[PDB]
């Protein structure tokens, strides 16, 4: 049961406002769908210990280019999941050892060469 996550970026909106807020979406293979319109980002993924997770990013426009350039924050520091690049995607495995809870993290993207970030979280059960 591998979870695949798609990060969708409205790159026109992101570059016009210099923020991913209201311009970034998550859709995943567990049929979770979300947007980030106001306040702190609540975009997230639900998984369980030992599960493989895969992230990839794309633009709305066929003319734009969006790449994931790095992961930072609690999910990495606490070693809950350590994605590494695989072609145009990043893949890791959830290693919590029975602990449950949310692990905040930050994804940096290159949006037509401009580095922008957003901070979703990983929920482990």
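Residue numbers count along the first chain shown, from 1.
**Student:** Mean C-alpha B factor from the entry: is it higher for 76 to 84 or for 23 to 31?
**Tutor:** The entry gives the higher C-alpha B-factor average to 76 to 84.
**Student:** In the PDB record, does 33 to 41 or 92 to 100 carry the higher mean Cα temperature factor?
**Tutor:** Looking at the record's C-alpha B-factors, the answer is 92 to 100.
**Student:** Could you tell me which third, lowest, middle or highest, the C-alpha B-factor of residue 61 occupies within its chain?
**Tutor:** Bottom third by C-alpha B-factor.
**Student:** Splitting the chain's C-alpha B-factors into thirds, which one does residue 3 fall into?
**Tutor:** Answer is middle: the recorded C-alpha B-factor places it there.
**Student:** Taking the values exactly as deposited, rank residue 15 by C-alpha B-factor within its chain and report the matching third: lowest, middle or highest.
**Tutor:** Residue 15: CA B-factor falls in the middle third of its chain.
**Student:** Which third of the chain holds residue 112 when residues are ordered by C-alpha B factor: lowest, middle or highest?
**Tutor:** Highest third.
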